[PDB]
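All remarks here apply to the structure that follows.
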Amino acid sequence: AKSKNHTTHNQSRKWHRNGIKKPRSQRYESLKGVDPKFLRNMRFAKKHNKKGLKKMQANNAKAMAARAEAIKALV
RNA sequence: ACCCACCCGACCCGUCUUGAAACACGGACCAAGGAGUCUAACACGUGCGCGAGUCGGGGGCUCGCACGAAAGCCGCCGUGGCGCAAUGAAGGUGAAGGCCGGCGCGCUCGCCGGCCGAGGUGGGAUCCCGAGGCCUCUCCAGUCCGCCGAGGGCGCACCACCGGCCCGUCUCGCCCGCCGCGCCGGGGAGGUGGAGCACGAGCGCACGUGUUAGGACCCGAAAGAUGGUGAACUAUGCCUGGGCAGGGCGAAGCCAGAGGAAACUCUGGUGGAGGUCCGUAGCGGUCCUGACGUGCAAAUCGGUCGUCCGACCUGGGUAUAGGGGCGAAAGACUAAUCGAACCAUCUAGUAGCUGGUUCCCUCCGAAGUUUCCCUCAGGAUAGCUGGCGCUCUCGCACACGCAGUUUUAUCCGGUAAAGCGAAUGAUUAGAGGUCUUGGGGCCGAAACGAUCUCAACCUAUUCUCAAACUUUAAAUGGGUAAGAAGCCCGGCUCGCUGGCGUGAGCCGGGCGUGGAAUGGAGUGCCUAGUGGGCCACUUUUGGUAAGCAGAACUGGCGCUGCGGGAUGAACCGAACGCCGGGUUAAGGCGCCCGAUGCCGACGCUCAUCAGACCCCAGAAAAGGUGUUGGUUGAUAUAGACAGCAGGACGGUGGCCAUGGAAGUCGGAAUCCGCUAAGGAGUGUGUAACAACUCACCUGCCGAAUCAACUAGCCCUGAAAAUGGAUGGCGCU
RNA sequence: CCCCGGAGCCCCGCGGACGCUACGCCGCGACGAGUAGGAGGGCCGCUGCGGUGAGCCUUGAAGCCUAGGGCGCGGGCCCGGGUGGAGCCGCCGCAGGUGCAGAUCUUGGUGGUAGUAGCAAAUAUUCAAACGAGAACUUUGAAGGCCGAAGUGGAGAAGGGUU
RNA sequence: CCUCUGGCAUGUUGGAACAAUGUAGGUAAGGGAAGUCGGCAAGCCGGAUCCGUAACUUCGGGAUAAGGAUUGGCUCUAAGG
RNA sequence: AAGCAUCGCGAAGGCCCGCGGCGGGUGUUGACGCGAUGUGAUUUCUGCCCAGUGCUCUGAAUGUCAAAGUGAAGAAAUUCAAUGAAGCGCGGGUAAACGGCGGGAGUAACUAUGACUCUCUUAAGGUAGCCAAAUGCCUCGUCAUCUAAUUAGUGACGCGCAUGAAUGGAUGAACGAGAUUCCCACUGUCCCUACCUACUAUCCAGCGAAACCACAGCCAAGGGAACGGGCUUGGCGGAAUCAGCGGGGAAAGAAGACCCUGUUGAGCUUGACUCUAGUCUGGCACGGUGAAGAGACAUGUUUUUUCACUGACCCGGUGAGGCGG
RNA sequence: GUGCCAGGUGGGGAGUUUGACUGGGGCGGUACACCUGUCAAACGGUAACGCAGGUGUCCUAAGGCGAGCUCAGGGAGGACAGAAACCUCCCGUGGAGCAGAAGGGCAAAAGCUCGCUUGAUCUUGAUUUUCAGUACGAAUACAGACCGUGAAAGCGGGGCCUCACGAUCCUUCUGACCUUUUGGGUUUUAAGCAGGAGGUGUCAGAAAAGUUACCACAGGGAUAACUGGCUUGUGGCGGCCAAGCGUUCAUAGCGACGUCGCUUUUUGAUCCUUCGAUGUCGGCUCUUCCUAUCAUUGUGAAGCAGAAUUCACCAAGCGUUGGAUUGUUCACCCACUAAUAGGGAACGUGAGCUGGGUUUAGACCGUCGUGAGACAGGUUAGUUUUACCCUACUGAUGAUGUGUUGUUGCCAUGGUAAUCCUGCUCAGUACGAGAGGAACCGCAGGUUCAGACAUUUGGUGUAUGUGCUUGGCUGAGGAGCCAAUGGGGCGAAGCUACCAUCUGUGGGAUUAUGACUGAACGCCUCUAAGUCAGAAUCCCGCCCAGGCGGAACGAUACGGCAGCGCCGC
Ligand SMILES: [Mg+2]
Ligand SMILES: [Mg+2]
Ligand SMILES: [Mg+2]
Ligand SMILES: [Mg+2]
Ligand SMILES: [Mg+2]
Ligand SMILES: [Mg+2]
Ligand SMILES: [Mg+2]
Ligand SMILES: [Mg+2]
Ligand SMILES: [Mg+2]
Ligand SMILES: [Mg+2]
Ligand SMILES: [Mg+2]
Ligand SMILES: [Mg+2]
Ligand SMILES: [Mg+2]
Ligand SMILES: [Mg+2]
Ligand SMILES: [Mg+2]
Ligand SMILES: [Mg+2]
Ligand SMILES: [Mg+2]
Ligand SMILES: [Mg+2]
Ligand SMILES: [Mg+2]
Ligand SMILES: [Mg+2]
Ligand SMILES: [Mg+2]
Ligand SMILES: [Mg+2]
Ligand SMILES: [Mg+2]
Ligand SMILES: [Mg+2]
Ligand SMILES: [Mg+2]
Ligand SMILES: [Mg+2]
Ligand SMILES: [Mg+2]
Ligand SMILES: [Mg+2]
Ligand SMILES: [Mg+2]
Ligand SMILES: [Mg+2]
Ligand SMILES: [Mg+2]
Ligand SMILES: [Mg+2]
Ligand SMILES: [Mg+2]
Ligand SMILES: [Mg+2]
Ligand SMILES: [Mg+2]
Ligand SMILES: [Mg+2]
Ligand SMILES: [Mg+2]
Ligand SMILES: [Mg+2]
Ligand SMILES: [Mg+2]
Ligand SMILES: [Mg+2]
Ligand SMILES: [Mg+2]
Ligand SMILES: [Mg+2]
Ligand SMILES: [Mg+2]
Ligand SMILES: [Mg+2]
Ligand SMILES: [Mg+2]
Ligand SMILES: [Mg+2]
Ligand SMILES: [Mg+2]
Ligand SMILES: [Mg+2]
Ligand SMILES: [Mg+2]
Ligand SMILES: [Mg+2]
Ligand SMILES: [Mg+2]
Ligand SMILES: [Mg+2]
Ligand SMILES: [Mg+2]
Ligand SMILES: [Mg+2]
Ligand SMILES: [Mg+2]
Ligand SMILES: [Mg+2]
Ligand SMILES: [Mg+2]
Ligand SMILES: [Mg+2]
Ligand SMILES: [Mg+2]
Ligand SMILES: [Mg+2]
Ligand SMILES: [Mg+2]
Ligand SMILES: [Mg+2]
Ligand SMILES: [Mg+2]
Ligand SMILES: [Mg+2]
Ligand SMILES: [Mg+2]
Ligand SMILES: [Mg+2]
Ligand SMILES: [Mg+2]
Ligand SMILES: [Mg+2]
Ligand SMILES: [Mg+2]
Ligand SMILES: [Mg+2]
Ligand SMILES: [Mg+2]
Ligand SMILES: [Mg+2]
Ligand SMILES: [Mg+2]
Ligand SMILES: [Mg+2]
Ligand SMILES: [Mg+2]
Ligand SMILES: [Mg+2]
Ligand SMILES: [Mg+2]
Ligand SMILES: [Mg+2]
Ligand SMILES: [Mg+2]
Ligand SMILES: [Mg+2]
Ligand SMILES: [Mg+2]
Ligand SMILES: [Mg+2]
Ligand SMILES: [Mg+2]
Ligand SMILES: [Mg+2]
């Protein structure tokens, strides 16, 4: 009582019926697999980004003043 | 709508199957019954009520119950279920930070008073501001009905990510507090595991589907256990009764006679014994494998048979009862039942195994494949499929993304091919070189002294190869990029790295058609069936081959009708709601049979086995002056080809062959003379000869001929059994 | 520079269907195969129940037959005629023991076979009369036979129970 | 096998013809197993009287071995109380 | 089956039944008996082997050896050590128990073979007999004979795939509904068939079923699921029937018995896996009294060896009839 | 002895098991867990009991660093020493070695030799590989420590890379000032967490011997034994070439080394139909068909002088025997014959027969197995079921049209039939040295078959015709009867036998073949046009049946009612 062992006959048709997809590419991909010391220290950098907010806001205000002087000299 | 007639079509329904009209199974016909139900646990989706709550279970109070064993109500309105908090094996622990100021060295750490109060980035349906444009019967001013709104936002749900917090576990270190200053308790930073939190969503009832446990869609076993009933049949033991003609052989014992000496021996009788013989009744059943074999009969009849005084037959009573009995032993008998009787119950035992499964229409619609399983007739899991939806975009003047597609650049191969004068392996033959020895060898006592030979040597050559060889090396393919998730700037953070620097992450700002054509896309639940396949173009394995077994891409049949191939799974065309007109595909147009009933074109073909359209149903090597063409080489006026006609002599019995070659079984040889001409010869045939007889030319007829290959059609090769098939008639 | 209780118009900003069971009506475009299977609609069918039709019915209910008229693609349904004699149906909802062509299906009935196979084991019957509507089978008489005293004879037991 | 006493109507029916193939009996010239797996079936012999009876043997048998002759009727004779 | 030969048992026994008991069968019995076997009359013979599997004998000369008990540690549960019954191991016997009876080398004045000697796995290596058997693949072995012809029959040979001595060998009178071969007579078994008889079958008066049945029924070829009554192309086909007939309906008869599958059974066997009745042995209780004797610890405790009594308990007899001084 | 424990024995008895894949199943193998090269069609993936193989190990170094060298082989040299012992020089892309099978990789290495060592250590995750994107095993970068090596860069958490291995539960060990041991406290113990081990080779993992011929059940043509189907290796048969055999001479007859085809009359191969059954081998009987022709008819070629015998064609019309043995299919033998040719039809033929041997159940022997039992080993005895249905066929009534009937006939169509041998003359002739030895036409007849028939003969016989008889019965004689037809003789009629007898046919077309005339091809030629002879072939005549076929002729309803046919309309 022998039988048929293995084939791939109707399989490509079955696979292309439901539309073989590219994987779900998303913006801001995950960090699973990145090396742990560099994940550790980017976590420290994201922890200490809140330090220096007054310097960042003041320098952004001076950059707005610089763009205002530039558009005043241009217009 | 009843019957009949004609033309075309039309094999009998259900099922197992790759394939059914099947010489596969079920099936005379008709009426009635007849097969997916009910409870519980869940899961998902839907309908309703309430909502961080929900439900009244159970019970109690009202109505004596027609309607009722209904309904209404409850400091029981929550005892309790589920949810609202999870995580550890457990002791246990248990989900918030940020901004401003002050005190300690701001020491990224500890302690005090107010605020925001549940983080941030990107994509995000709706909404808000919205410059400006579009006007009116005329120019300005101008509150208003408006529409489109460039641009910017707070951003619902949801997704991706980065953060933050809770519990378990691990690493590095420090600080705080006391009723008992301890093997006390708590806290920090960073990894990692959880079914967690991150301003709830559940509860209760009802409906649909799916998975189960239950009889579980229905019918079905071979079985197992428990408790009983039978020895009227049969098996054996016991008790008490009944029965078994007539003949044959003649055991012991006994009598008499004869022969001899007793010893004894013969003869003639009598006698009636035998698990003795023929044979009746009785008992049983060898052979005809006779009769019958839907019988006289669920085991009989006829002839022929074995036995018939003892291991004989038989009635009644009685005893042995089922894993038991009993057996002159056959697993035989035990009530037509025996390799474990019968009746009832468990029991509607189980079955991956057969069969069947009951109304219509519409829409969508498969698989025989991956992996695992004592799995190969089956399940689970992915795949294929259906339903329920959600999130967005809009031919209403204004599209992000996606492909069995191509292009533009960029890489991958090691297959076809080709090569081995390149490597590895095989393998052919010459040529030149004492590389270097050796064996059969020849001249030599020997010598690399002359001749060559092969085993292994070299140098350039040459012939053929390789799925498990390869320098090369395609065609077809496989990934990528063709932008807003992209570039260009400015600045913070880092505990990584660090001569300064790098790298990564956060912010803020500026620039849009990112090659061709076509698409409206993304996503979450349940979820049946399937898990036996088969055929065909191309590639290919094993096999002599197969309508054989097994593979790769693709398409079909299965699941599919229709036109054609005469018939028909898979071939060609083409896919299907019911029709009318027209036009075709594939096939055809003498008749069957719709259409060439064209004054069709050009040739080939004669078959005493003609030939007639993929699959496909039949043919080969070889041969033919049968016939039609082509290729090559010759000769013909210096007077062809066949047709009547003169000849095969001499050196030469040349030369090995003695067993015979003056041509003669055969082989190295292989030219002159006469010359017009005979090749040291094509045959007839000889112990050898002799003889007959073929190149060349003349006398006669005077222009197309000869030879070898090769392609068409036809013929031989070519022989099977019922009468036989281009489908038939037939057709030149 | 006027209102349409009426400019009178291919549009009436004055109320605004004949067209609206909005679970309805209407207008374009594309498509239509199908087993196993899945989903939806049934104003398809059976039975019973709560409502509903001032429903039907001895001036004829259900059932059954029909060479009649029909409708729906279809499941099926509505009438016409005949039999029948006592209950029955439509709609909104609920519930189920709800649709048969098969299962060597269960029960019941009936065909072809078919007026067929068969009524053939043990030798054998024949003539006249009686009875009767009726004689091959009854009876009587006569003839010929068979069982042949281990019988086809005369009586018991087991068994049957009135034979 | 035939008859007497006793019993019966030929065994779930009869009539007409005498086809094949059957079932059960028989008979066949010549051959005698040549048929067939196989003398299967069928066929020969068979009672009694008088002779005669082998191999072998457990000395009992084999044995009715094998193989011959005779068998009727009528009329007598002899013997058997 | 008689004959033959074994095995066990002297009664608190052998074999066996029984859920059970001072239970029961043999047994109303006692080795000339009962129970379990093998072989199968008479004659003759029954060879060798105890290595294996069985069975059986004794043995503190003893490897393993459970429970109970003994000693040591601890707070104890617990652990350790010695002792350690029967049985398995060790050692004898046993084949009329199951059974087995092969190779190698040397060696005889022709060759060949081996009377003789040594060894193996494992213990001897087929003895007397017998045979191409009911037993022999080759094979239809070879020879003689029976025949015209013999794979048959009989008699011999042994090289015997794979004979063989109570898993009995050989012979053998009589007997056998046992199986084969030949001969005499005989016959339709046949050449080669023929005829007659009775009952059927045929027709008729009366009575009258059953199996089976998708629809039903004429063939050739093609294809098909690969042997068609139906499809296609041809041949063709004409009402209703009777008596036969065996070619077809892959005719009927029964869910193939053969072969396979099932994680379906049943009968049986054992060196399968778990168990169990019975049986043997050890410990505790029923279970008392005395005598001497050995061992261990140690300066009373334990293991105990046999004998004596009856008082528990068991057996036998009686009509419980004289038992002890 | 009893009651209760403990140990041995225990198929007497009980329950249960006896894997899977498989060109059917057992036996043989693992294609059952893995690894390499190929298959494999240039990403990956890809099957078979496809090919070559390998594995369940080994290593305290063969792991990890650092340093120095180059390996195999060849040439040249050197005392023993040669082809291989040891020393040196040169060439030396790896042609060696790296533990193993293979592939890849590697030259101041990944090889050899040294020096030091234990990264072959502990703890979180992530990823790859078979994959469902689950495990296990193996591997890949990292992270935190602690280390080794080196001067450092760095390298190393096993083997140069691809395999060398294993869930739940249970047990064992190790670790924490770890948790619980349920009223509280201590301790022993026990349970927990994590890591390692004890193993499931059927390798994602039951604990598992056989037999059944006494067998049973649910199924399968998913799967065999038969036949049918495809193929033809094999079996059988036929060609192509032509080195040779044949006194010379390849081809009269043969034919090596090679090669091309047919058949399903043999065995193979596959599993397409059948397991809710298709009766499984032989022999007997009987019919039809094929030719690959043994004989007969007609011919051609011979190493054909005659006889006899081989090769080849047309050709299946008619024949192909009786037996011993064996169940035989086959086989061999004896005899006859003209010759004793080969086959098919579900390996033709069991509702036709037989049952001989396969292939049930009972037995005996031999081998194997402890045993039950097995043995294409041998022997023995072993129930052969049904037609009355439809078709086909054999016979028989019939039927439709001819107005109805009868006589006489024709004919389409269908079947078909005759075959073979011996003796005499030819003729001891042709021929031949002889030995031997024909043929045509005639004459007489036989074999097989067919169709009849009973004068004779033989059989049958129940004219129950006639005698003779056994037993019984009617009183005896006579006459008879019964005894399933009493027996035995003879026997009428009728049936019947190659067991008696009679009869059995002629043409036409032509095949093969031999020819005529005569081209093509101014020659020749059976052929191309034409023409002749020509046979068991074919067809018809003879014979049998007579069509949903006709023809000619006769009579056609006087009756007690009637009714028909021709003619003019
Ligand atoms: Mg499969
Ligand atoms: Mg199936
Ligand atoms: Mg299917
Ligand atoms: Mg099939
Ligand atoms: Mg069908
Ligand atoms: Mg068929
Ligand atoms: Mg079936
Ligand atoms: Mg049927
Ligand atoms: Mg019904
Ligand atoms: Mg579910
Ligand atoms: Mg819900
Ligand atoms: Mg709960
Ligand atoms: Mg059921
Ligand atoms: Mg269910
Ligand atoms: Mg049941
Ligand atoms: Mg059981
Ligand atoms: Mg019998
Ligand atoms: Mg019989
Ligand atoms: Mg009959
Ligand atoms: Mg038996
Ligand atoms: Mg559809
Ligand atoms: Mg299965
Ligand atoms: Mg490759
Ligand atoms: Mg190539
Ligand atoms: Mg299946
Ligand atoms: Mg197949
Ligand atoms: Mg195409
Ligand atoms: Mg109900
Ligand atoms: Mg019905
Ligand atoms: Mg009748
Ligand atoms: Mg009768
Ligand atoms: Mg009486
Ligand atoms: Mg009588
Ligand atoms: Mg009678
Ligand atoms: Mg009568
Ligand atoms: Mg009677
Ligand atoms: Mg005779
Ligand atoms: Mg014979
Ligand atoms: Mg006889
Ligand atoms: Mg005798
Ligand atoms: Mg014995
Ligand atoms: Mg002995
Ligand atoms: Mg022994
Ligand atoms: Mg001997
Ligand atoms: Mg014989
Ligand atoms: Mg003999
Ligand atoms: Mg022996
Ligand atoms: Mg023996
Ligand atoms: Mg049919
Ligand atoms: Mg038939
Ligand atoms: Mg079956
Ligand atoms: Mg069955
Ligand atoms: Mg299975
Ligand atoms: Mg079971
Ligand atoms: Mg049983
Ligand atoms: Mg055991
Ligand atoms: Mg057992
Ligand atoms: Mg069992
Ligand atoms: Mg198997
Ligand atoms: Mg590829
Ligand atoms: Mg180095
Ligand atoms: Mg590290
Ligand atoms: Mg290494
Ligand atoms: Mg047997
Ligand atoms: Mg067998
Ligand atoms: Mg099959
Ligand atoms: Mg076959
Ligand atoms: Mg061949
Ligand atoms: Mg020659
Ligand atoms: Mg049948
Ligand atoms: Mg049949
Ligand atoms: Mg021929
Ligand atoms: Mg014969
Ligand atoms: Mg046959
Ligand atoms: Mg037949
Ligand atoms: Mg039969
Ligand atoms: Mg037989
Ligand atoms: Mg048998
Ligand atoms: Mg009849
Ligand atoms: Mg004719
Ligand atoms: Mg008289
Ligand atoms: Mg003629
Ligand atoms: Mg001619
Ligand atoms: Mg002529």
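Within each chain, counting starts at residue 1; across the structure tokens, chains are named A, B, ... in the order shown, with ligands numbered 1 upward in that order.
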Determine, for each residue of chain D having at least one atom at most 12 Å from an atom of ligand 37, the closest pair of atoms and their separation in Å to one decimal, counting only C-alpha atoms (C1' of nucleotides) and all ligand atoms; order by chain and ascending number, as CSV.
```
residue,atom,partner,partner_atom_place_in_ligand_line,distance
D:27,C1',ligand 37,1 (Mg),10.4
D:28,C1',ligand 37,1 (Mg),5.7
D:29,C1',ligand 37,1 (Mg),6.9
D:30,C1',ligand 37,1 (Mg),7.4
D:31,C1',ligand 37,1 (Mg),8.3
D:32,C1',ligand 37,1 (Mg),9.0
D:43,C1',ligand 37,1 (Mg),11.5
```
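Residues surrounding residue 506 of chain F within 12 Å are residues 540, 541 and 542 of chain F [only C-alpha atoms (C1' of nucleotides); sequence separation below 4 positions excluded].
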Restricted to N, CA, C and O atoms (P, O5', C5', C4', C3', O3' and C1' of nucleotides), what would the selected residues look like written as a PDB file, in the first residue's frame?
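Result file part.pdb:
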```
ATOM      1  P     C F 540     -21.333 -18.856 -53.911  1.00  0.00           P
ATOM      2  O5'   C F 540     -21.927 -19.603 -55.186  1.00  0.00           O
ATOM      3  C5'   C F 540     -22.832 -18.942 -56.058  1.00  0.00           C
ATOM      4  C4'   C F 540     -22.815 -19.540 -57.443  1.00  0.00           C
ATOM      5  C3'   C F 540     -23.421 -20.924 -57.594  1.00  0.00           C
ATOM      6  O3'   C F 540     -24.835 -20.923 -57.644  1.00  0.00           O
ATOM      7  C1'   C F 540     -21.353 -20.850 -58.726  1.00  0.00           C
ATOM      8  P     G F 541     -25.664 -22.203 -57.137  1.00  0.00           P
ATOM      9  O5'   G F 541     -25.486 -23.275 -58.304  1.00  0.00           O
ATOM     10  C5'   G F 541     -25.941 -23.006 -59.623  1.00  0.00           C
ATOM     11  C4'   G F 541     -25.420 -24.023 -60.609  1.00  0.00           C
ATOM     12  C3'   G F 541     -25.808 -25.460 -60.333  1.00  0.00           C
ATOM     13  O3'   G F 541     -27.132 -25.771 -60.721  1.00  0.00           O
ATOM     14  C1'   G F 541     -23.513 -25.380 -60.815  1.00  0.00           C
ATOM     15  P     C F 542     -28.170 -26.330 -59.630  1.00  0.00           P
ATOM     16  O5'   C F 542     -27.501 -27.679 -59.106  1.00  0.00           O
ATOM     17  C5'   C F 542     -27.293 -28.786 -59.973  1.00  0.00           C
ATOM     18  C4'   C F 542     -26.819 -30.000 -59.217  1.00  0.00           C
ATOM     19  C3'   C F 542     -27.594 -30.338 -57.958  1.00  0.00           C
ATOM     20  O3'   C F 542     -28.823 -30.996 -58.215  1.00  0.00           O
ATOM     21  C1'   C F 542     -25.279 -30.489 -57.515  1.00  0.00           C
TER      22        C F 542
END
```
Contacts to ligand 53 at 8 Å cut-off (only C-alpha atoms (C1' of nucleotides) and all ligand atoms) as a PDB file with N, CA, C and O atoms (P, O5', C5', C4', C3', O3' and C1' of nucleotides), in the first residue's frame:
```
ATOM      1  P     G B 352     -14.192   5.165  14.372  1.00  0.00           P
ATOM      2  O5'   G B 352     -13.330   5.603  13.107  1.00  0.00           O
ATOM      3  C5'   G B 352     -12.420   6.692  13.188  1.00  0.00           C
ATOM      4  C4'   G B 352     -11.217   6.501  12.298  1.00  0.00           C
ATOM      5  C3'   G B 352     -11.168   5.183  11.526  1.00  0.00           C
ATOM      6  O3'   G B 352     -10.525   5.397  10.271  1.00  0.00           O
ATOM      7  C1'   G B 352      -9.273   5.347  12.921  1.00  0.00           C
ATOM      8  P     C B 374       5.304   7.429  17.533  1.00  0.00           P
ATOM      9  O5'   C B 374       4.281   6.706  16.550  1.00  0.00           O
ATOM     10  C5'   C B 374       3.109   6.074  17.042  1.00  0.00           C
ATOM     11  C4'   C B 374       2.998   4.650  16.545  1.00  0.00           C
ATOM     12  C3'   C B 374       1.848   3.822  17.115  1.00  0.00           C
ATOM     13  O3'   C B 374       0.649   3.950  16.363  1.00  0.00           O
ATOM     14  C1'   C B 374       3.892   2.587  17.208  1.00  0.00           C
ATOM     15  P     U B 375      -0.321   5.223  16.502  1.00  0.00           P
ATOM     16  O5'   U B 375       0.220   6.231  15.396  1.00  0.00           O
ATOM     17  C5'   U B 375      -0.680   7.058  14.678  1.00  0.00           C
ATOM     18  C4'   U B 375      -0.215   7.304  13.265  1.00  0.00           C
ATOM     19  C3'   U B 375      -0.026   6.087  12.377  1.00  0.00           C
ATOM     20  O3'   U B 375      -1.253   5.598  11.865  1.00  0.00           O
ATOM     21  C1'   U B 375       1.744   7.649  12.051  1.00  0.00           C
ATOM     22  P     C B 376      -1.348   4.112  11.266  1.00  0.00           P
ATOM     23  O5'   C B 376      -1.001   4.304   9.725  1.00  0.00           O
ATOM     24  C5'   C B 376      -1.833   5.097   8.885  1.00  0.00           C
ATOM     25  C4'   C B 376      -1.364   5.099   7.448  1.00  0.00           C
ATOM     26  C3'   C B 376      -1.187   3.724   6.799  1.00  0.00           C
ATOM     27  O3'   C B 376      -1.629   3.778   5.446  1.00  0.00           O
ATOM     28  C1'   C B 376       0.832   4.946   6.645  1.00  0.00           C
ATOM     29  P     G B 378      -7.168   8.084   6.215  1.00  0.00           P
ATOM     30  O5'   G B 378      -7.723   8.658   7.589  1.00  0.00           O
ATOM     31  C5'   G B 378      -8.603   7.895   8.402  1.00  0.00           C
ATOM     32  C4'   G B 378      -8.330   8.139   9.863  1.00  0.00           C
ATOM     33  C3'   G B 378      -8.127   9.595  10.250  1.00  0.00           C
ATOM     34  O3'   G B 378      -9.353  10.272  10.464  1.00  0.00           O
ATOM     35  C1'   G B 378      -6.382   8.288  11.160  1.00  0.00           C
TER      36        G B 378
ATOM     37  P     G E 262      -2.369  -2.644  10.826  1.00  0.00           P
ATOM     38  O5'   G E 262      -3.843  -2.359  11.359  1.00  0.00           O
ATOM     39  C5'   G E 262      -4.427  -1.065  11.244  1.00  0.00           C
ATOM     40  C4'   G E 262      -5.905  -1.080  11.561  1.00  0.00           C
ATOM     41  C3'   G E 262      -6.252  -1.195  13.044  1.00  0.00           C
ATOM     42  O3'   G E 262      -7.425  -0.426  13.311  1.00  0.00           O
ATOM     43  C1'   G E 262      -7.247  -2.977  11.872  1.00  0.00           C
ATOM     44  P     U E 263      -7.312   1.136  13.680  1.00  0.00           P
ATOM     45  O5'   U E 263      -6.016   1.227  14.600  1.00  0.00           O
ATOM     46  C5'   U E 263      -6.100   0.982  15.995  1.00  0.00           C
ATOM     47  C4'   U E 263      -5.123  -0.082  16.423  1.00  0.00           C
ATOM     48  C3'   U E 263      -5.254  -0.553  17.861  1.00  0.00           C
ATOM     49  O3'   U E 263      -6.274  -1.523  18.026  1.00  0.00           O
ATOM     50  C1'   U E 263      -2.983  -0.095  17.382  1.00  0.00           C
TER      51        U E 263
END
```
At a cut-off of 9 Å and counting only C-alpha atoms (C1' of nucleotides) and all ligand atoms, what residues surround ligand 61? Please answer as a PyMOL selection string.
chain F and resi 66-68+108-109
Please check the contacts: residues of chain F at most 8 Å away from chain A, using only C-alpha atoms (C1' of nucleotides), listed as a ChimeraX atom specification.
/F:22-24,46-47,126-127,142-143,222-223
Selected residues written out with C-alpha atoms (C1' of nucleotides), as a PDB file, in the first residue's frame:
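File written: selection01.pdb
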```pdb
ATOM      1  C1'   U F  22       7.988  -1.900   2.041  1.00  0.00           C
ATOM      2  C1'   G F  23       6.515  -1.865  -6.289  1.00  0.00           C
ATOM      3  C1'   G F  24       1.162  -7.528  -1.775  1.00  0.00           C
ATOM      4  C1'   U F  46      12.825  19.213  -4.064  1.00  0.00           C
ATOM      5  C1'   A F  47      11.210  12.305  -4.223  1.00  0.00           C
ATOM      6  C1'   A F 126      18.921  38.049  21.258  1.00  0.00           C
ATOM      7  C1'   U F 127      19.600  35.333  16.517  1.00  0.00           C
ATOM      8  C1'   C F 142      27.327  40.367  21.892  1.00  0.00           C
ATOM      9  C1'   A F 143      26.681  41.924  27.724  1.00  0.00           C
ATOM     10  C1'   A F 222      -5.598   1.757  -1.225  1.00  0.00           C
ATOM     11  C1'   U F 223      -3.022  -4.776  -1.882  1.00  0.00           C
TER      12        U F 223
END
```
Write as a VMD selection string the residues around ligand 75, taking 8 Å as the cut-off and counting only C-alpha atoms (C1' of nucleotides) and all ligand atoms.
chain F and resid 349 to 350 352
Selection above as a file: C-alpha atoms (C1' of nucleotides), as a PDB file, in the first residue's frame:
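Printed below is out11.pdb as written:
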```
ATOM      1  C1'   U F 349     -15.119 -25.612 -22.217  1.00  0.00           C
ATOM      2  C1'   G F 350     -17.371 -27.918 -13.548  1.00  0.00           C
ATOM      3  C1'   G F 352     -21.384 -30.187 -19.511  1.00  0.00           C
TER       4        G F 352
END
```
